[PDB]
file input08.txt (compact mmCIF, N, CA and C atoms and all ligand atoms)
# COMPACT_ATOMS: atom_id res chain seq x y z
N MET D 1 11.50 5.68 -6.61
CA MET D 1 10.72 4.82 -5.68
C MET D 1 9.55 4.22 -6.45
N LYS D 2 8.89 3.22 -5.86
CA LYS D 2 7.75 2.58 -6.50
C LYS D 2 6.60 2.36 -5.53
N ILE D 3 5.39 2.55 -6.04
CA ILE D 3 4.18 2.34 -5.26
C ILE D 3 3.37 1.29 -6.01
N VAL D 4 3.10 0.16 -5.38
CA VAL D 4 2.35 -0.93 -6.00
C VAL D 4 1.00 -1.02 -5.28
N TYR D 5 -0.10 -1.08 -6.02
CA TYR D 5 -1.40 -1.12 -5.35
C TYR D 5 -2.44 -1.90 -6.14
N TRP D 6 -3.56 -2.18 -5.50
CA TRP D 6 -4.69 -2.80 -6.16
C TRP D 6 -5.85 -1.89 -5.77
N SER D 7 -6.75 -1.58 -6.70
CA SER D 7 -7.90 -0.73 -6.41
C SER D 7 -9.07 -1.22 -7.28
N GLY D 8 -10.22 -1.42 -6.65
CA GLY D 8 -11.40 -1.90 -7.36
C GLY D 8 -12.30 -0.81 -7.90
N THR D 9 -12.39 0.32 -7.21
CA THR D 9 -13.23 1.41 -7.68
C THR D 9 -12.44 2.71 -7.88
N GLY D 10 -11.17 2.71 -7.49
CA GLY D 10 -10.35 3.89 -7.66
C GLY D 10 -9.98 4.61 -6.37
N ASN D 11 -10.49 4.16 -5.23
CA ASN D 11 -10.19 4.83 -3.96
C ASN D 11 -8.73 4.71 -3.53
N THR D 12 -8.22 3.48 -3.53
CA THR D 12 -6.82 3.22 -3.18
C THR D 12 -5.91 3.79 -4.26
N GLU D 13 -6.38 3.79 -5.51
CA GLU D 13 -5.60 4.33 -6.62
C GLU D 13 -5.37 5.83 -6.42
N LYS D 14 -6.42 6.53 -5.96
CA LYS D 14 -6.32 7.96 -5.70
C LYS D 14 -5.34 8.19 -4.55
N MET D 15 -5.41 7.35 -3.51
CA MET D 15 -4.49 7.48 -2.38
C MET D 15 -3.05 7.35 -2.90
N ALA D 16 -2.81 6.37 -3.77
CA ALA D 16 -1.49 6.12 -4.34
C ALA D 16 -0.95 7.35 -5.06
N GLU D 17 -1.79 7.99 -5.87
CA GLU D 17 -1.40 9.21 -6.59
C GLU D 17 -1.00 10.34 -5.64
N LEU D 18 -1.75 10.50 -4.56
CA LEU D 18 -1.48 11.54 -3.57
C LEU D 18 -0.21 11.25 -2.78
N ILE D 19 0.01 9.98 -2.47
CA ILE D 19 1.23 9.57 -1.77
C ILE D 19 2.42 9.87 -2.72
N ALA D 20 2.25 9.55 -4.00
CA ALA D 20 3.30 9.80 -4.99
C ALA D 20 3.57 11.31 -5.06
N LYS D 21 2.50 12.10 -5.05
CA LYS D 21 2.63 13.55 -5.10
C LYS D 21 3.51 14.04 -3.93
N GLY D 22 3.32 13.47 -2.75
CA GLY D 22 4.11 13.85 -1.60
C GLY D 22 5.58 13.54 -1.78
N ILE D 23 5.88 12.38 -2.37
CA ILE D 23 7.27 11.98 -2.60
C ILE D 23 7.90 12.91 -3.63
N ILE D 24 7.16 13.19 -4.69
CA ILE D 24 7.64 14.08 -5.73
C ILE D 24 7.89 15.46 -5.13
N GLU D 25 6.97 15.96 -4.31
CA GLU D 25 7.15 17.29 -3.71
C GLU D 25 8.40 17.34 -2.84
N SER D 26 8.80 16.19 -2.31
CA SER D 26 9.99 16.09 -1.49
C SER D 26 11.25 16.12 -2.36
N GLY D 27 11.06 16.15 -3.67
CA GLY D 27 12.17 16.21 -4.61
C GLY D 27 12.61 14.88 -5.19
N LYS D 28 11.86 13.82 -4.91
CA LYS D 28 12.21 12.50 -5.41
C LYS D 28 11.28 11.98 -6.49
N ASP D 29 11.79 11.05 -7.29
CA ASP D 29 11.04 10.45 -8.37
C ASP D 29 10.30 9.23 -7.83
N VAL D 30 9.16 8.91 -8.42
CA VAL D 30 8.38 7.76 -7.98
C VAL D 30 7.45 7.30 -9.11
N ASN D 31 7.23 6.00 -9.19
CA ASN D 31 6.33 5.44 -10.20
C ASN D 31 5.25 4.64 -9.49
N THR D 32 3.99 4.84 -9.89
CA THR D 32 2.88 4.08 -9.31
C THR D 32 2.59 2.95 -10.29
N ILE D 33 2.49 1.74 -9.77
CA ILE D 33 2.28 0.54 -10.56
C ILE D 33 1.11 -0.28 -10.01
N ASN D 34 0.16 -0.61 -10.87
CA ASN D 34 -0.96 -1.44 -10.48
C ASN D 34 -0.36 -2.84 -10.29
N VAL D 35 -0.85 -3.58 -9.30
CA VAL D 35 -0.31 -4.91 -9.02
C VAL D 35 -0.26 -5.83 -10.24
N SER D 36 -1.21 -5.67 -11.15
CA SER D 36 -1.23 -6.52 -12.34
C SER D 36 -0.06 -6.29 -13.31
N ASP D 37 0.59 -5.13 -13.21
CA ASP D 37 1.71 -4.79 -14.08
C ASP D 37 3.08 -4.81 -13.40
N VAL D 38 3.20 -5.32 -12.18
CA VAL D 38 4.50 -5.31 -11.51
C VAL D 38 5.46 -6.39 -11.96
N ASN D 39 6.74 -6.06 -11.82
CA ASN D 39 7.82 -6.97 -12.12
C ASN D 39 8.50 -7.16 -10.78
N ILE D 40 8.30 -8.33 -10.20
CA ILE D 40 8.85 -8.66 -8.89
C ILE D 40 10.33 -8.37 -8.76
N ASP D 41 11.10 -8.73 -9.78
CA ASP D 41 12.54 -8.54 -9.76
C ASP D 41 12.96 -7.09 -9.63
N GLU D 42 12.35 -6.22 -10.42
CA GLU D 42 12.68 -4.80 -10.36
C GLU D 42 12.21 -4.20 -9.05
N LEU D 43 11.07 -4.68 -8.56
CA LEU D 43 10.49 -4.20 -7.32
C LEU D 43 11.37 -4.55 -6.12
N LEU D 44 11.97 -5.74 -6.12
CA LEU D 44 12.82 -6.16 -5.01
C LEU D 44 14.15 -5.40 -4.90
N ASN D 45 14.47 -4.59 -5.90
CA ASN D 45 15.70 -3.78 -5.87
C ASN D 45 15.47 -2.50 -5.06
N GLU D 46 14.21 -2.22 -4.76
CA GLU D 46 13.83 -1.03 -4.00
C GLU D 46 14.16 -1.17 -2.53
N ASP D 47 14.58 -0.07 -1.92
CA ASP D 47 14.92 -0.09 -0.50
C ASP D 47 13.64 -0.10 0.35
N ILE D 48 12.61 0.58 -0.15
CA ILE D 48 11.32 0.65 0.54
C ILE D 48 10.19 0.22 -0.38
N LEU D 49 9.39 -0.74 0.07
CA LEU D 49 8.25 -1.20 -0.71
C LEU D 49 7.02 -0.45 -0.19
N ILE D 50 6.32 0.25 -1.07
CA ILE D 50 5.12 0.99 -0.66
C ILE D 50 3.97 0.20 -1.29
N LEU D 51 3.17 -0.44 -0.44
CA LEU D 51 2.08 -1.30 -0.89
C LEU D 51 0.70 -0.89 -0.41
N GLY D 52 -0.27 -0.89 -1.33
CA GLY D 52 -1.61 -0.52 -0.96
C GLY D 52 -2.66 -1.45 -1.55
N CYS D 53 -3.71 -1.66 -0.77
CA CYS D 53 -4.82 -2.50 -1.19
C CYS D 53 -6.01 -2.22 -0.28
N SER D 54 -7.18 -2.08 -0.88
CA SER D 54 -8.40 -1.83 -0.15
C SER D 54 -8.84 -3.07 0.63
N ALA D 55 -9.75 -2.87 1.58
CA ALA D 55 -10.26 -3.97 2.38
C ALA D 55 -11.24 -4.71 1.47
N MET D 56 -10.98 -5.99 1.24
CA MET D 56 -11.84 -6.79 0.37
C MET D 56 -12.38 -8.05 1.06
N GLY D 57 -13.30 -8.74 0.38
CA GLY D 57 -13.90 -9.95 0.92
C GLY D 57 -14.25 -9.81 2.39
N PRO D 58 -14.02 -10.86 3.19
CA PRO D 58 -14.31 -10.80 4.63
C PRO D 58 -13.11 -10.20 5.38
N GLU D 59 -12.87 -8.90 5.20
CA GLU D 59 -11.73 -8.19 5.83
C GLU D 59 -10.40 -8.83 5.51
N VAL D 60 -10.11 -8.98 4.22
CA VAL D 60 -8.85 -9.58 3.79
C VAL D 60 -8.29 -8.78 2.62
N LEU D 61 -7.08 -9.14 2.18
CA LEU D 61 -6.47 -8.48 1.03
C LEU D 61 -7.20 -9.01 -0.19
N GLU D 62 -7.23 -8.22 -1.27
CA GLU D 62 -7.91 -8.65 -2.47
C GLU D 62 -7.32 -10.02 -2.87
N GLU D 63 -8.22 -10.97 -3.08
CA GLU D 63 -7.84 -12.35 -3.35
C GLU D 63 -7.31 -12.83 -4.69
N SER D 64 -7.79 -12.27 -5.80
CA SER D 64 -7.35 -12.76 -7.09
C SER D 64 -6.00 -12.25 -7.60
N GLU D 65 -5.62 -11.05 -7.17
CA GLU D 65 -4.36 -10.45 -7.62
C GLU D 65 -3.38 -10.01 -6.55
N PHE D 66 -3.86 -9.25 -5.57
CA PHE D 66 -2.96 -8.74 -4.55
C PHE D 66 -2.40 -9.79 -3.60
N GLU D 67 -3.26 -10.65 -3.06
CA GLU D 67 -2.84 -11.71 -2.14
C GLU D 67 -1.75 -12.62 -2.74
N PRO D 68 -1.95 -13.14 -3.97
CA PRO D 68 -0.92 -14.01 -4.59
C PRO D 68 0.42 -13.28 -4.75
N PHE D 69 0.34 -11.99 -5.02
CA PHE D 69 1.53 -11.17 -5.15
C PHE D 69 2.28 -11.11 -3.82
N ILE D 70 1.55 -10.90 -2.73
CA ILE D 70 2.16 -10.84 -1.40
C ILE D 70 2.79 -12.18 -1.06
N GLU D 71 2.09 -13.27 -1.37
CA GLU D 71 2.61 -14.61 -1.09
C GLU D 71 3.87 -14.84 -1.95
N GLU D 72 3.87 -14.36 -3.19
CA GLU D 72 5.04 -14.55 -4.03
C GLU D 72 6.30 -13.85 -3.52
N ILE D 73 6.19 -12.61 -3.05
CA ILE D 73 7.35 -11.89 -2.53
C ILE D 73 7.70 -12.19 -1.06
N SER D 74 6.80 -12.86 -0.35
CA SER D 74 6.97 -13.16 1.08
C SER D 74 8.31 -13.74 1.53
N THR D 75 8.86 -14.68 0.76
CA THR D 75 10.13 -15.32 1.11
C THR D 75 11.38 -14.50 0.79
N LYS D 76 11.22 -13.42 0.04
CA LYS D 76 12.36 -12.60 -0.33
C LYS D 76 12.33 -11.15 0.09
N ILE D 77 11.68 -10.84 1.20
CA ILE D 77 11.60 -9.45 1.65
C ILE D 77 12.07 -9.24 3.08
N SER D 78 12.67 -10.27 3.67
CA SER D 78 13.16 -10.15 5.04
C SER D 78 14.15 -8.99 5.13
N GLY D 79 14.00 -8.15 6.14
CA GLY D 79 14.88 -7.01 6.31
C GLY D 79 14.52 -5.76 5.51
N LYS D 80 13.53 -5.87 4.62
CA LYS D 80 13.13 -4.71 3.83
C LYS D 80 12.17 -3.79 4.57
N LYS D 81 12.23 -2.51 4.23
CA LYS D 81 11.35 -1.53 4.84
C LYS D 81 10.10 -1.50 3.96
N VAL D 82 8.93 -1.38 4.59
CA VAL D 82 7.67 -1.34 3.86
C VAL D 82 6.73 -0.31 4.48
N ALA D 83 5.92 0.32 3.64
CA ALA D 83 4.94 1.31 4.08
C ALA D 83 3.63 0.81 3.49
N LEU D 84 2.59 0.73 4.31
CA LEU D 84 1.31 0.18 3.86
C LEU D 84 0.17 1.18 3.91
N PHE D 85 -0.75 1.07 2.96
CA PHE D 85 -1.90 1.97 2.88
C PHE D 85 -3.11 1.32 2.22
N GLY D 86 -4.26 1.98 2.31
CA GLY D 86 -5.43 1.44 1.66
C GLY D 86 -6.72 2.07 2.13
N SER D 87 -7.74 1.95 1.29
CA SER D 87 -9.07 2.48 1.59
C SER D 87 -9.94 1.34 2.11
N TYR D 88 -10.96 1.68 2.89
CA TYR D 88 -11.86 0.67 3.43
C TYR D 88 -13.27 1.24 3.51
N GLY D 89 -14.24 0.38 3.80
CA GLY D 89 -15.61 0.83 3.84
C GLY D 89 -16.28 0.85 5.18
N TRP D 90 -16.82 -0.29 5.59
CA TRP D 90 -17.56 -0.41 6.84
C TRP D 90 -16.82 -0.89 8.08
N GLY D 91 -15.64 -1.46 7.89
CA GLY D 91 -14.89 -1.97 9.01
C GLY D 91 -14.12 -0.89 9.72
N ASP D 92 -13.21 -1.30 10.60
CA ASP D 92 -12.39 -0.36 11.33
C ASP D 92 -10.89 -0.64 11.17
N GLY D 93 -10.51 -1.17 10.01
CA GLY D 93 -9.11 -1.42 9.75
C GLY D 93 -8.59 -2.79 10.08
N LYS D 94 -9.46 -3.76 10.34
CA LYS D 94 -8.98 -5.10 10.67
C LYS D 94 -8.05 -5.71 9.61
N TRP D 95 -8.40 -5.59 8.32
CA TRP D 95 -7.57 -6.15 7.26
C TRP D 95 -6.15 -5.54 7.28
N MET D 96 -6.04 -4.27 7.67
CA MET D 96 -4.74 -3.60 7.71
C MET D 96 -3.92 -4.02 8.96
N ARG D 97 -4.60 -4.26 10.08
CA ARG D 97 -3.90 -4.71 11.28
C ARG D 97 -3.30 -6.08 10.93
N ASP D 98 -4.06 -6.90 10.20
CA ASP D 98 -3.57 -8.22 9.80
C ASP D 98 -2.44 -8.12 8.78
N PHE D 99 -2.59 -7.23 7.81
CA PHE D 99 -1.57 -7.00 6.77
C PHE D 99 -0.24 -6.59 7.44
N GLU D 100 -0.30 -5.64 8.38
CA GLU D 100 0.89 -5.19 9.09
C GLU D 100 1.53 -6.34 9.88
N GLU D 101 0.71 -7.10 10.61
CA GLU D 101 1.22 -8.23 11.37
C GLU D 101 1.90 -9.23 10.42
N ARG D 102 1.28 -9.45 9.27
CA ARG D 102 1.83 -10.38 8.28
C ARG D 102 3.21 -9.94 7.78
N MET D 103 3.32 -8.67 7.36
CA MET D 103 4.58 -8.14 6.85
C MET D 103 5.67 -8.21 7.89
N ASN D 104 5.32 -7.92 9.14
CA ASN D 104 6.28 -8.02 10.23
C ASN D 104 6.70 -9.47 10.38
N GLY D 105 5.74 -10.38 10.25
CA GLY D 105 6.02 -11.80 10.37
C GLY D 105 6.97 -12.32 9.30
N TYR D 106 7.00 -11.67 8.13
CA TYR D 106 7.90 -12.06 7.05
C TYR D 106 9.30 -11.46 7.21
N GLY D 107 9.51 -10.70 8.28
CA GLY D 107 10.81 -10.10 8.51
C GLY D 107 10.96 -8.66 8.04
N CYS D 108 9.86 -8.04 7.63
CA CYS D 108 9.88 -6.65 7.17
C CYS D 108 9.85 -5.65 8.31
N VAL D 109 10.32 -4.44 8.02
CA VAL D 109 10.30 -3.37 9.00
C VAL D 109 9.23 -2.39 8.51
N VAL D 110 8.12 -2.30 9.23
CA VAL D 110 7.03 -1.39 8.85
C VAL D 110 7.44 -0.02 9.37
N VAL D 111 7.89 0.83 8.45
CA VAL D 111 8.42 2.15 8.77
C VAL D 111 7.50 3.22 9.34
N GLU D 112 6.22 3.16 9.02
CA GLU D 112 5.30 4.16 9.52
C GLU D 112 4.00 3.46 9.82
N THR D 113 3.15 4.11 10.60
CA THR D 113 1.84 3.55 10.91
C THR D 113 1.10 3.44 9.57
N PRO D 114 0.44 2.30 9.30
CA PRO D 114 -0.27 2.20 8.02
C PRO D 114 -1.30 3.32 7.87
N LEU D 115 -1.47 3.82 6.65
CA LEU D 115 -2.43 4.87 6.37
C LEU D 115 -3.71 4.27 5.80
N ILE D 116 -4.81 4.38 6.53
CA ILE D 116 -6.07 3.86 6.03
C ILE D 116 -7.07 5.02 5.98
N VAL D 117 -7.85 5.08 4.91
CA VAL D 117 -8.83 6.14 4.71
C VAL D 117 -10.16 5.50 4.34
N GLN D 118 -11.25 6.01 4.89
CA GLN D 118 -12.56 5.45 4.58
C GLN D 118 -13.08 6.00 3.27
N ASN D 119 -13.43 5.11 2.35
CA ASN D 119 -13.95 5.49 1.04
C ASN D 119 -12.92 6.36 0.30
N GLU D 120 -13.39 7.30 -0.52
CA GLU D 120 -12.48 8.17 -1.28
C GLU D 120 -11.76 9.17 -0.37
N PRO D 121 -10.45 9.43 -0.62
CA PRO D 121 -9.67 10.37 0.20
C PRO D 121 -10.40 11.67 0.52
N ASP D 122 -10.69 12.48 -0.51
CA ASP D 122 -11.40 13.76 -0.33
C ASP D 122 -10.84 14.62 0.80
N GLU D 123 -11.42 14.48 2.00
CA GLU D 123 -10.97 15.23 3.17
C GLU D 123 -9.58 14.82 3.65
N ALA D 124 -9.19 13.58 3.36
CA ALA D 124 -7.89 13.06 3.77
C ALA D 124 -6.79 13.25 2.73
N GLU D 125 -7.04 14.10 1.73
CA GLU D 125 -6.03 14.29 0.70
C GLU D 125 -4.66 14.71 1.22
N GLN D 126 -4.63 15.71 2.10
CA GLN D 126 -3.35 16.16 2.64
C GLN D 126 -2.68 15.07 3.46
N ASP D 127 -3.47 14.26 4.16
CA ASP D 127 -2.91 13.18 4.97
C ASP D 127 -2.12 12.23 4.07
N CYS D 128 -2.66 11.97 2.88
CA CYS D 128 -2.02 11.09 1.90
C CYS D 128 -0.71 11.72 1.43
N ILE D 129 -0.74 13.00 1.10
CA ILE D 129 0.46 13.72 0.67
C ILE D 129 1.51 13.69 1.80
N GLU D 130 1.08 13.91 3.04
CA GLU D 130 2.00 13.92 4.17
C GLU D 130 2.66 12.57 4.41
N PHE D 131 1.91 11.50 4.16
CA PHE D 131 2.41 10.13 4.30
C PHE D 131 3.55 9.95 3.29
N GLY D 132 3.35 10.41 2.06
CA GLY D 132 4.39 10.31 1.05
C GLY D 132 5.62 11.09 1.49
N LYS D 133 5.43 12.26 2.09
CA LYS D 133 6.55 13.08 2.55
C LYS D 133 7.36 12.37 3.65
N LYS D 134 6.68 11.67 4.54
CA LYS D 134 7.35 10.93 5.61
C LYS D 134 8.18 9.81 4.99
N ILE D 135 7.58 9.09 4.05
CA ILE D 135 8.28 8.00 3.38
C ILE D 135 9.52 8.52 2.66
N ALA D 136 9.41 9.69 2.05
CA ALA D 136 10.53 10.29 1.33
C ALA D 136 11.69 10.69 2.24
N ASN D 137 11.42 10.86 3.53
CA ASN D 137 12.44 11.25 4.51
C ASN D 137 13.14 10.07 5.18
N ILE D 138 12.73 8.86 4.83
CA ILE D 138 13.32 7.66 5.41
C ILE D 138 14.72 7.47 4.85
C1 LIG D 201 -16.67 -7.50 -2.19
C2 LIG D 201 -16.24 -6.39 -1.28
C3 LIG D 201 -15.88 -6.65 0.02
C4 LIG D 201 -15.47 -5.62 0.91
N1 LIG D 201 -15.08 -5.95 2.18
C5 LIG D 201 -14.78 -4.97 3.01
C6 LIG D 201 -14.41 -5.31 4.39
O1 LIG D 201 -14.38 -6.48 4.78
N2 LIG D 201 -14.13 -4.21 5.20
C7 LIG D 201 -14.31 -2.86 4.80
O2 LIG D 201 -14.20 -1.98 5.58
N3 LIG D 201 -14.62 -2.58 3.54
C8 LIG D 201 -14.83 -3.56 2.68
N4 LIG D 201 -15.16 -3.28 1.38
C9 LIG D 201 -15.29 -1.89 0.97
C10 LIG D 201 -14.01 -1.34 0.32
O3 LIG D 201 -12.86 -1.59 1.13
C11 LIG D 201 -14.16 0.16 0.12
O4 LIG D 201 -15.30 0.43 -0.70
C12 LIG D 201 -12.93 0.88 -0.46
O5 LIG D 201 -13.20 2.28 -0.55
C13 LIG D 201 -12.65 0.41 -1.89
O6 LIG D 201 -11.42 0.97 -2.39
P1 LIG D 201 -10.91 0.64 -3.82
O7 LIG D 201 -11.67 1.47 -4.83
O8 LIG D 201 -9.52 1.12 -3.79
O9 LIG D 201 -11.14 -0.79 -4.11
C14 LIG D 201 -15.46 -4.29 0.46
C15 LIG D 201 -15.87 -4.02 -0.86
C16 LIG D 201 -16.22 -5.04 -1.73
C17 LIG D 201 -16.56 -4.68 -3.16
call {"tool": "encode", "arguments": {"input": "input08.txt", "output": "structure tokens", "more": "lines below"}}
Ligand SMILES: Cc1cc2nc3c(=O)[nH]c(=O)nc-3n(C[C@H](O)[C@H](O)[C@H](O)COP(=O)(O)O)c2cc1C
result
Amino acid sequence: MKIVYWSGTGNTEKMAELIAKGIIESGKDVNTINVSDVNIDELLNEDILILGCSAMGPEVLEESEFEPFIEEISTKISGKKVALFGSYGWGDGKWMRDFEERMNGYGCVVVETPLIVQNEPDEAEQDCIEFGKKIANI
């Protein structure tokens, strides 16, 4: 499996590692890839796309790297299963409600409720691992 994410300070990156840990504990292999190093073609061969990005700018997806990536794969993901996650600061998840609506609008099936954590996981570490376990059972 593959987990693609963008992280500015390391919060979403830590979530990605914990989600990966959950998948691995379930007995499956998984690779975490920063959005800057992804290969769209190899990624589209995956049955489930696991995507993460922190809340950036005015409650939007990170603009210089993550957003263009989403726009690039948008036309070729209809019917695919996707799991979304990310860290946020002062808001209440607006960017994620929009992200979920967007993915659904592209024809994707959002398999689980998006996982959002405020700031660094810390107390939510097990929640991240459990999310990976749910994804591994799909
Ligand atoms: C320029 C900028 C804009 C941000 N905008 C939002 C926002 O609109 N809503 C929110 O809750 N957090 C916002 N944040 C806070 C981040 O989402 C939060 O610090 C998160 O933990 C960062 O995770 P990361 O290290 O994975 O980037 C913003 C942070 C920065 C640097």
call {"tool": "residues_near_ligand", "arguments": {"input": "input08.txt", "ligand": "ligand LIG 201 (chain D)", "cutoff": "6.5 Å", "atoms": "only N, CA and C atoms and all ligand atoms", "output": "compact mmCIF listing (two decimals) with N, CA and C atoms, in the frame of the given file"}}
result
# COMPACT_ATOMS: atom_id res chain seq x y z
N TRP D 6 -3.56 -2.18 -5.50
CA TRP D 6 -4.69 -2.80 -6.16
C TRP D 6 -5.85 -1.89 -5.77
N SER D 7 -6.75 -1.58 -6.70
CA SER D 7 -7.90 -0.73 -6.41
C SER D 7 -9.07 -1.22 -7.28
N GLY D 8 -10.22 -1.42 -6.65
CA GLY D 8 -11.40 -1.90 -7.36
C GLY D 8 -12.30 -0.81 -7.90
N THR D 9 -12.39 0.32 -7.21
CA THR D 9 -13.23 1.41 -7.68
C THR D 9 -12.44 2.71 -7.88
N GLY D 10 -11.17 2.71 -7.49
CA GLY D 10 -10.35 3.89 -7.66
C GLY D 10 -9.98 4.61 -6.37
N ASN D 11 -10.49 4.16 -5.23
CA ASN D 11 -10.19 4.83 -3.96
C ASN D 11 -8.73 4.71 -3.53
N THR D 12 -8.22 3.48 -3.53
CA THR D 12 -6.82 3.22 -3.18
C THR D 12 -5.91 3.79 -4.26
N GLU D 13 -6.38 3.79 -5.51
CA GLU D 13 -5.60 4.33 -6.62
C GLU D 13 -5.37 5.83 -6.42
N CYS D 53 -3.71 -1.66 -0.77
CA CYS D 53 -4.82 -2.50 -1.19
C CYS D 53 -6.01 -2.22 -0.28
N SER D 54 -7.18 -2.08 -0.88
CA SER D 54 -8.40 -1.83 -0.15
C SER D 54 -8.84 -3.07 0.63
N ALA D 55 -9.75 -2.87 1.58
CA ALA D 55 -10.26 -3.97 2.38
C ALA D 55 -11.24 -4.71 1.47
N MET D 56 -10.98 -5.99 1.24
CA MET D 56 -11.84 -6.79 0.37
C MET D 56 -12.38 -8.05 1.06
N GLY D 57 -13.30 -8.74 0.38
CA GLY D 57 -13.90 -9.95 0.92
C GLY D 57 -14.25 -9.81 2.39
N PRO D 58 -14.02 -10.86 3.19
CA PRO D 58 -14.31 -10.80 4.63
C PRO D 58 -13.11 -10.20 5.38
N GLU D 59 -12.87 -8.90 5.20
CA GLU D 59 -11.73 -8.19 5.83
C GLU D 59 -10.40 -8.83 5.51
N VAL D 60 -10.11 -8.98 4.22
CA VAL D 60 -8.85 -9.58 3.79
C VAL D 60 -8.29 -8.78 2.62
N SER D 87 -7.74 1.95 1.29
CA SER D 87 -9.07 2.48 1.59
C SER D 87 -9.94 1.34 2.11
N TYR D 88 -10.96 1.68 2.89
CA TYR D 88 -11.86 0.67 3.43
C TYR D 88 -13.27 1.24 3.51
N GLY D 89 -14.24 0.38 3.80
CA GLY D 89 -15.61 0.83 3.84
C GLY D 89 -16.28 0.85 5.18
N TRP D 90 -16.82 -0.29 5.59
CA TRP D 90 -17.56 -0.41 6.84
C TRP D 90 -16.82 -0.89 8.08
N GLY D 91 -15.64 -1.46 7.89
CA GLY D 91 -14.89 -1.97 9.01
C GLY D 91 -14.12 -0.89 9.72
N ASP D 92 -13.21 -1.30 10.60
CA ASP D 92 -12.39 -0.36 11.33
C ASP D 92 -10.89 -0.64 11.17
N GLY D 93 -10.51 -1.17 10.01
CA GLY D 93 -9.11 -1.42 9.75
C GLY D 93 -8.59 -2.79 10.08
N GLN D 118 -11.25 6.01 4.89
CA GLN D 118 -12.56 5.45 4.58
C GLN D 118 -13.08 6.00 3.27
N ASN D 119 -13.43 5.11 2.35
CA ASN D 119 -13.95 5.49 1.04
C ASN D 119 -12.92 6.36 0.30
N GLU D 120 -13.39 7.30 -0.52
CA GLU D 120 -12.48 8.17 -1.28
C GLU D 120 -11.76 9.17 -0.37
call {"tool": "select_by_dssp", "arguments": {"input": "input08.txt", "residues": "chain D", "states": "strand (DSSP E or B)", "output": "ChimeraX atom specification"}}
result
/D:2-6,31-34,48-53,56,60,81-88,109-110,115-118
call {"tool": "atom_distance", "arguments": {"input": "input08.txt", "atom1": "CA of residue 35 in chain D", "atom2": "CA of residue 65 in chain D"}}
result
7.0 Å
call {"tool": "atom_distance", "arguments": {"input": "input08.txt", "atom1": "CA of residue 34 in chain D", "atom2": "CA of residue 66 in chain D"}}
result
9.6 Å
call {"tool": "atom_distance", "arguments": {"input": "input08.txt", "atom1": "atom C of residue 79 in chain D", "atom2": "CA of residue 44 in chain D"}}
result
10.7 Å
call {"tool": "residues_around", "arguments": {"input": "input08.txt", "residues": "residue 131 in chain D", "least_positions_apart": "6", "cutoff": "7 Å", "atoms": "all atoms listed in the file", "output": "count of residues only"}}
result
3
call {"tool": "select_by_dssp", "arguments": {"input": "input08.txt", "residues": "chain D", "states": "alpha helix (DSSP H)", "output": "VMD selection string"}}
result
chain D and resid 11 to 25 40 to 43 66 to 73 94 to 105 125 to 136
call {"tool": "residues_around", "arguments": {"input": "input08.txt", "residues": "range 26-28 of chain D", "least_positions_apart": "2", "cutoff": "7 Å", "atoms": "all atoms listed in the file", "output": "PyMOL selection string"}}
result
chain D and resi 1+21-24+30+133+136
call {"tool": "write_last_selection", "arguments": {"input": "input08.txt", "atoms": "N, CA and C atoms", "output": "PDB file, keeping the file's coordinate frame"}}
result
ATOM      1  N   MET D   1      11.500   5.680  -6.610  1.00  0.00           N
ATOM      2  CA  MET D   1      10.720   4.820  -5.680  1.00  0.00           C
ATOM      3  C   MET D   1       9.550   4.220  -6.450  1.00  0.00           C
ATOM      4  N   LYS D  21       2.500  12.100  -5.050  1.00  0.00           N
ATOM      5  CA  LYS D  21       2.630  13.550  -5.100  1.00  0.00           C
ATOM      6  C   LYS D  21       3.510  14.040  -3.930  1.00  0.00           C
ATOM      7  N   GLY D  22       3.320  13.470  -2.750  1.00  0.00           N
ATOM      8  CA  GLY D  22       4.110  13.850  -1.600  1.00  0.00           C
ATOM      9  C   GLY D  22       5.580  13.540  -1.780  1.00  0.00           C
ATOM     10  N   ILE D  23       5.880  12.380  -2.370  1.00  0.00           N
ATOM     11  CA  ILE D  23       7.270  11.980  -2.600  1.00  0.00           C
ATOM     12  C   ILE D  23       7.900  12.910  -3.630  1.00  0.00           C
ATOM     13  N   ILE D  24       7.160  13.190  -4.690  1.00  0.00           N
ATOM     14  CA  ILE D  24       7.640  14.080  -5.730  1.00  0.00           C
ATOM     15  C   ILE D  24       7.890  15.460  -5.130  1.00  0.00           C
ATOM     16  N   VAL D  30       9.160   8.910  -8.420  1.00  0.00           N
ATOM     17  CA  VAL D  30       8.380   7.760  -7.980  1.00  0.00           C
ATOM     18  C   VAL D  30       7.450   7.300  -9.110  1.00  0.00           C
ATOM     19  N   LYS D 133       5.430  12.260   2.090  1.00  0.00           N
ATOM     20  CA  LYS D 133       6.550  13.080   2.550  1.00  0.00           C
ATOM     21  C   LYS D 133       7.360  12.370   3.650  1.00  0.00           C
ATOM     22  N   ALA D 136       9.410   9.690   2.050  1.00  0.00           N
ATOM     23  CA  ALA D 136      10.530  10.290   1.330  1.00  0.00           C
ATOM     24  C   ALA D 136      11.690  10.690   2.240  1.00  0.00           C
TER      25      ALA D 136
END
call {"tool": "residues_around", "arguments": {"input": "input08.txt", "residues": "range 68-72 of chain D", "least_positions_apart": "6", "cutoff": "8 Å", "atoms": "all atoms listed in the file", "output": "list in words"}}
result
residues 35, 40, 61 and 62 of chain D
call {"tool": "residues_around", "arguments": {"input": "input08.txt", "residues": "residue 80 in chain D", "least_positions_apart": "4", "cutoff": "10 Å", "atoms": "only C-alpha atoms", "output": "list in words"}}
result
residues 44, 46, 47, 48, 49, 76, 103, 104, 106, 107, 108, 109, 110 and 111 of chain D
